[PDB]
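Heads up, the thing below is written out as structure tokens.
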Protein chains: 2
Amino acid sequence: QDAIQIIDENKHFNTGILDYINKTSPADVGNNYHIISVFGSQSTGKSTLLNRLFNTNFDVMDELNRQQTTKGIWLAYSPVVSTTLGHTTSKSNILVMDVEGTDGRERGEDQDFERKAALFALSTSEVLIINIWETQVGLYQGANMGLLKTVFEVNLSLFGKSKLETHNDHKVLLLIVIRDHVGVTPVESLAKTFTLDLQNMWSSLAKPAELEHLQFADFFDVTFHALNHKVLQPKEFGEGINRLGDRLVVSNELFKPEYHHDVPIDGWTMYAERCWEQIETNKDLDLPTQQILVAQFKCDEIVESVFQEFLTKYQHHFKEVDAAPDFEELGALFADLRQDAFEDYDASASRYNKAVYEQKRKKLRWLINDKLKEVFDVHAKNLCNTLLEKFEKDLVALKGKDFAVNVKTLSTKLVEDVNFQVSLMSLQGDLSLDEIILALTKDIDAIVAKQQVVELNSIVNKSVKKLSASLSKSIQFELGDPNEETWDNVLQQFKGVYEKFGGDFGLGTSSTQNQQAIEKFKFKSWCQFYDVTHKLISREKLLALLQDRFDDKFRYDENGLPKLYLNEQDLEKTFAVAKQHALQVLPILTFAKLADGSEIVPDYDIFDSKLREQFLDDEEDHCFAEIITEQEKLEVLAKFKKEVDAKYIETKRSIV
Amino acid sequence: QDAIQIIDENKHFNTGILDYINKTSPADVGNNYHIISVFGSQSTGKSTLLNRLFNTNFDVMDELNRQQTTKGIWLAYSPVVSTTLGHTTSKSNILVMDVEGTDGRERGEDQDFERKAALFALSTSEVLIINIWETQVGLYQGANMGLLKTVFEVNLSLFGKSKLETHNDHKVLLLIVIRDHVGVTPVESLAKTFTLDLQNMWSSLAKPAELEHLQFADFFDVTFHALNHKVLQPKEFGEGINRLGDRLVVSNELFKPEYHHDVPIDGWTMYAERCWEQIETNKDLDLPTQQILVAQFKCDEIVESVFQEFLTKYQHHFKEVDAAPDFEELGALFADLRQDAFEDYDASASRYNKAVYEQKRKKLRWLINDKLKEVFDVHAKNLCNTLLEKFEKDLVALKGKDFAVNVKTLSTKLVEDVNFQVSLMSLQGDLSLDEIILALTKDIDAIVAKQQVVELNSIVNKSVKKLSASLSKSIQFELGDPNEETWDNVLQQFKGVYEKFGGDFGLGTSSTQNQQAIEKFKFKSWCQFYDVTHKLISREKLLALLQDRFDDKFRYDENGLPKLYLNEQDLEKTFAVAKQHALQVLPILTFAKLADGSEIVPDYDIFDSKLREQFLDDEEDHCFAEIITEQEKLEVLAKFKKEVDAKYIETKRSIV
Ligand SMILES: Nc1nc2c(ncn2[C@@H]2O[C@H](COP(=O)(O)OP(=O)(O)O)[C@@H](O)[C@H]2O)c(=O)[nH]1
Ligand SMILES: Nc1nc2c(ncn2[C@@H]2O[C@H](COP(=O)(O)OP(=O)(O)O)[C@@H](O)[C@H]2O)c(=O)[nH]1
Ligand code: ALF
Ligand code: ALF
Ligand SMILES: [Mg+2]
Ligand SMILES: [Mg+2]
């Protein structure tokens, strides 16, 4: 005898519904039942019409004040159906859903709930009474055509899916009853119009492409019933209701099987809760008020115009890439441009929703940040490259002078000097330095690691020259007395500093390249060694070597005097001193040796052009220590006795 | 007897209005007139109510079909006013504006016109009848509360401006007549509600901050009049109208002076056209349908979710900066990510307005382009720096070998090689190469213009060494015969190749640095010249110089023989040959000269440390050509006769 709210004001679907339903009619409800519901604008007399036509007891508006009355959705079982025969029980149990009216002013702006309940109803009912005033007929929003477009649409997008499966589907009947009908305009005429309005709604909706072909008739039947002014024509109203009672129970011309999705009642109670879950929070159904939606557009409109006012005003400071830059002149010109647009946007948008206005302010800020960044970046990089040059220069300008320790301060100062010089033009850190600083650091590391190769190949080189100096010289100084211990004093130096190489180096290392800083150095000694030999001693300076010795006793006495000859005994006794004094270093220097009499071999397989350019030959190895060739060797002693003896009897003329 | 449309359906304000108005009442209309208009939902019986209450002849809907009837806005002069005394002429001329009803279905979606005409009316009238059905009272959009919020708002934002100027302003009367009033609910009750609804509308509007303080009462009076069912209560309707006739003409309780903005009628005809201009196209009034506004939101919602689906799926390919890059592997992974989001966006947004959907597709594309660009850029630059290294290397690796002509092909190939290698990863040119290519070119130009300085300071250097070789050597070779023409053969070479310097160079020039490639070169000769002199001839190798000559005749004969002495006449005749043969080149070489006997001066003011480091001294100039000093000069001839004569009588011991 009392109804219940299947779904209360705040969207709570009800738990005790099945229980309730079965406790109303003591009959077993099995698949013997109809679901009928009502939809329309606030206070169109719906709770009244259910009450009067089924015989329910939904509250109705007390007429003292026009106000919302039905809240949420309600369900009651119809005892009897008022018909022209008076009251009449029906075969089936008739379950009637009273749904809160649309477009009330209590909830003016959040049409949240109306859309939702309108779709439960539509989704869950065999027959839906669309309850309108005649005077809503040619209306658009006043006939709820907006609300409807939505509701149907989601209905298709959310359960026009189930089908091609041949129920007993939900075709639902759209039972459209016209209230306060005067008669002046024929219902058949009202009907034409409003079905047209519904056909149009149908073409107007978003359709998932699988269903794009689907029509309104496929999903829905429509019929009509007019009802006279209840207050001013009480009787004609009453008869009109009864006439409608006969329509559904007596003639049984309304309900058909197709509406009834054909399962026991518990199946429905379930299908409902389900249907309500999928409705209560649906993405296509979530909507912000008109106001927000309006503010959004309003605010973009401005974003663009203020921005367009930002653009061709910046196409004018920066078409020209500045000649004479200043990062405090710039970060200011920047702040100022951003200041203009804001205050102009603000002048026209602070009216609207603060949040939308705010959301849309931030959007503009970063539209103009990203146009300011472009310029910031340009200069900022123009700066790096300049500085960097100086820095590269700076490195070179201190050859090897304590590398690692100068790398440090210098590289620091760069990074620091950029950070500051460029932070002045970034607008409260709005425009980022991170990517710039990273790209700088990488650049520094690229440079040092190339200045390092230049200092590490310089130390190799400028070490091979304090070697070549002390080396090719303490050859000669040694050579003014060819001893048992020349080589004993020669490689004792050749390798006395062929190690200290050169001490550590102080550059940043490369350890396994610090180490291979030497295997060029050590290869190049074993390359210049041979080259000094093949240059100090050759066919040319060898023939020459004879006389440097030759004269010291064949033309000189006992104390540095040019020998005073005595007999041709003294003339032909000091002639043979030289024949040896011009043969007696060759065993110290034919093929070059060591105080051990064993051959000298090179550290590396040179004479081969493959190990060669890693640091920039006949049959065997045109041998390393082969200073004087195949013969060239004895081509000196074909001349030993030609020139030297063109002096022995050729200077005999001076005893006469 | 016929009205006219001040503004037709499509917004054309009418030209012949003043003329029309004056031709209606033969009375002179001067400031003796009222402006009264009607506002409300389609077919609320407005044209009917004007007709019945003033006695006009606006068409009315023929009841065969519910449809729009009044189109645009109309104006007619009221002959008489129906009142309870029957018909009554009034003192003032009453000008009545019939405005097309809101919310018709003929124009369902474009509320353009209704907003506009609703605001003309409100802006232009002393009294505005808001004509509603009782059954619209507790409604929101069905009571037009949306349309209104707008209309008032713009009204404030567009002419609540004029004021603080103390007219006779437009307070306008809001004359709200309730149609088909049954009586069940007291008009006073309806009134309370609906004025409340209007107060709320008032708090709900955008207000320019100057006016934020302004209230609804400041701008507007409201009163009410109920009217019974015209068809079902013809008489009570009639009496109700008459009762309203008495209200404005008999009691004269409606019109007040404050509504009347107090100027002659032509002033009004003007104020109207003006008001209509500022309305017909106003920015706050320009609006897109609900549908678009809805699609916009709908489509952003998706943009974000599809994008968020793009982001943390890319935070996953690129958190890790790739180790092993491939630009065809990449431009593909890119296209594919962009492919996913699209087809997912498309799967959910192709429903809505194509244009909004399209607009909003493009928006997503470039959201993801700009996230793809970041990665494209990274690698793309990783590529430039690698290549560049090779290129820098490549330049150096061809010392001077035809610079300009190798600069060309090499620099081309780089640019080309980048363009191609990086175009493969840009997505149909969506992501730009322009800024990359520019930054490359600048980089190339930075490098060559530094390799050039290295090749141009090398040619200076390695030219000063084929000079120093032929130079310090054809000194000595010349010096084996100190002639009248030594210097004649010495600077003839010193400046024989101190010009060809060195021929053109073939590098890219710097012309006025190609030219200053030499004013180092020419300065450094005038620097090494002096250095060779101060090194070949000094205290050391000078004392030495004596004997190189000394021996050739004091110890040698006529053909290369060591002189065979004869008498102590032959012993002390060839002793004085040397005293000169050891003094007779000094006038060829004390201070160094020219075959003219004039001093040699340097090209540059050297000995001064200021012109110095532009290419890396006592009282006068510790003179340029001062090879042997203050004395050092005669410190050789304190020893001339010590060592050389420790040989004349010291080798006299060999005649015994
Ligand atoms: N003019 C008119 N008034 C009605 C009619 N039916 C009911 N009313 C009254 O309209 C008011 C609204 O009724 P209610 O049934 O509570 O409307 P709901 O909110 O749409 O359910 C009540 O005062 C009813 O007495 C009708 O058919 N015509
Ligand atoms: N129920 C009712 N019908 C009316 C009333 N006044 C006029 N009508 C009818 O309503 C229809 C609309 O009239 P019209 O005056 O052309 O309306 P408008 O478009 O708002 O100007 C006409 O058929 C009128 O006969 C009324 O007060 N109540
Ligand atoms: F007031 Al209602 F449905 F319109 F309860
Ligand atoms: F049909 Al109308 F104003 F509502 F002409
Ligand atoms: Mg109700
Ligand atoms: Mg009309």
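Residue numbering restarts at 1 in every chain; chains get A, B, ... in the order shown in the structure tokens, and ligands count up from 1 in that same order.
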
Report task. Could you tell me, counting only C-alpha atoms and all ligand atoms, which protein and nucleic acid residues lie no more than 10 Å from ligand 4, written as a ChimeraX atom specification? Result -> /A:138-139 /B:38-48,58-62,66-73,98-104,106

Writer output for current selection, C-alpha atoms, as a short mmCIF file (atom, residue, chain, number, x, y, z; two decimals), in the first residue's frame:
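Output (selection37.cif):
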data_model
loop_
_atom_site.label_atom_id
_atom_site.label_comp_id
_atom_site.auth_asym_id
_atom_site.auth_seq_id
_atom_site.Cartn_x
_atom_site.Cartn_y
_atom_site.Cartn_z
CA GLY A 138 5.83 23.02 -30.58
CA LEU A 139 8.60 23.64 -28.06
CA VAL B 38 6.15 41.32 -25.11
CA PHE B 39 8.52 38.43 -24.35
CA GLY B 40 8.07 34.62 -24.11
CA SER B 41 7.96 30.96 -25.31
CA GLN B 42 6.52 30.15 -28.69
CA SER B 43 2.75 30.24 -28.89
CA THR B 44 2.09 31.41 -25.32
CA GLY B 45 -0.70 33.68 -26.81
CA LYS B 46 1.24 36.92 -26.96
CA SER B 47 0.11 38.30 -30.20
CA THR B 48 -3.33 37.39 -28.80
CA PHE B 58 -0.91 41.05 -35.12
CA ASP B 59 -1.53 37.72 -36.81
CA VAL B 60 -2.17 34.85 -34.40
CA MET B 61 -1.56 31.09 -34.78
CA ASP B 62 -4.31 29.30 -36.66
CA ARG B 66 0.92 24.40 -33.44
CA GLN B 67 3.66 26.40 -35.13
CA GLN B 68 5.62 29.66 -34.98
CA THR B 69 3.56 32.68 -36.06
CA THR B 70 5.01 36.04 -35.12
CA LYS B 71 8.31 36.24 -37.04
CA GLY B 72 10.90 38.87 -36.20
CA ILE B 73 9.68 41.87 -34.25
CA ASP B 98 5.31 42.13 -30.83
CA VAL B 99 8.37 39.92 -30.60
CA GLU B 100 8.67 36.37 -32.02
CA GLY B 101 8.36 33.72 -29.26
CA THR B 102 11.33 31.91 -27.76
CA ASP B 103 12.06 28.27 -28.04
CA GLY B 104 10.20 27.40 -31.11
CA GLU B 106 11.26 25.84 -36.31
#

**Report entry** Interface list for chain A, partner chain B, 7 Å threshold, only C-alpha atoms, as a PyMOL selection string
**Finding:** chain A and resi 42+63-67+103-105+108+138-142+184-185+189+206-208+293+351-352

Residues near residue 442 (chain B), anyone? I mean within 12 Å using only C-alpha atoms, not counting same-chain ones fewer than 5 positions away, as a PDB file with N, CA and C atoms, in the first residue's frame.
ATOM      1  N   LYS A 381      72.001  30.234 -26.787  1.00  0.00           N
ATOM      2  CA  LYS A 381      72.993  29.402 -27.499  1.00  0.00           C
ATOM      3  C   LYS A 381      74.072  30.274 -28.149  1.00  0.00           C
ATOM      4  N   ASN A 382      73.679  31.349 -28.847  1.00  0.00           N
ATOM      5  CA  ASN A 382      74.647  32.359 -29.286  1.00  0.00           C
ATOM      6  C   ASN A 382      75.627  32.634 -28.179  1.00  0.00           C
ATOM      7  N   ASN A 385      78.241  29.316 -27.508  1.00  0.00           N
ATOM      8  CA  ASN A 385      79.267  29.215 -28.563  1.00  0.00           C
ATOM      9  C   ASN A 385      80.370  30.269 -28.494  1.00  0.00           C
TER      10      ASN A 385
ATOM     11  N   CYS B 384      74.735  14.851 -35.275  1.00  0.00           N
ATOM     12  CA  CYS B 384      75.511  15.969 -35.795  1.00  0.00           C
ATOM     13  C   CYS B 384      76.902  15.969 -35.195  1.00  0.00           C
ATOM     14  N   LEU B 388      80.165  15.666 -37.287  1.00  0.00           N
ATOM     15  CA  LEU B 388      81.043  16.810 -37.155  1.00  0.00           C
ATOM     16  C   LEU B 388      82.487  16.434 -36.734  1.00  0.00           C
ATOM     17  N   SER B 411      81.805  19.805 -46.732  1.00  0.00           N
ATOM     18  CA  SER B 411      80.693  20.518 -46.113  1.00  0.00           C
ATOM     19  C   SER B 411      79.351  20.194 -46.776  1.00  0.00           C
ATOM     20  N   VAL B 415      76.070  18.171 -44.683  1.00  0.00           N
ATOM     21  CA  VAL B 415      74.718  18.726 -44.759  1.00  0.00           C
ATOM     22  C   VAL B 415      73.744  17.725 -45.451  1.00  0.00           C
ATOM     23  N   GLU B 435      65.615  24.065 -38.385  1.00  0.00           N
ATOM     24  CA  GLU B 435      66.439  24.580 -37.276  1.00  0.00           C
ATOM     25  C   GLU B 435      67.723  23.767 -37.070  1.00  0.00           C
ATOM     26  N   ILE B 436      67.654  22.462 -37.362  1.00  0.00           N
ATOM     27  CA  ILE B 436      68.795  21.536 -37.255  1.00  0.00           C
ATOM     28  C   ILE B 436      69.842  21.878 -38.330  1.00  0.00           C
ATOM     29  N   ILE B 437      69.391  21.944 -39.585  1.00  0.00           N
ATOM     30  CA  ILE B 437      70.249  22.261 -40.705  1.00  0.00           C
ATOM     31  C   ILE B 437      70.920  23.612 -40.518  1.00  0.00           C
ATOM     32  N   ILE B 447      83.780  25.849 -37.591  1.00  0.00           N
ATOM     33  CA  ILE B 447      84.935  24.979 -37.695  1.00  0.00           C
ATOM     34  C   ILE B 447      85.869  25.453 -38.790  1.00  0.00           C
ATOM     35  N   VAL B 448      85.439  25.501 -40.057  1.00  0.00           N
ATOM     36  CA  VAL B 448      86.368  25.922 -41.149  1.00  0.00           C
ATOM     37  C   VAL B 448      87.118  27.205 -40.796  1.00  0.00           C
ATOM     38  N   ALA B 449      86.390  28.202 -40.315  1.00  0.00           N
ATOM     39  CA  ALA B 449      86.975  29.483 -39.914  1.00  0.00           C
ATOM     40  C   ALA B 449      87.926  29.376 -38.707  1.00  0.00           C
TER      41      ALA B 449
END

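Neighbouring residues of residue 277 (chain B) at 12 Å or closer, counting only C-alpha atoms and skipping chain neighbours under 2 positions away, are residues 7, 11, 12, 13, 14, 116, 117, 119, 120, 158, 270, 271, 272, 273, 274, 275, 279, 280, 281 and 282 of chain B.
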
Query - Contacts of residue 433 (chain B) at 12 Å (only C-alpha atoms; same-chain gap of 6+ positions) as a ChimeraX atom specification - result: /B:373,376-377,380-381,415-416,418-427,439-440
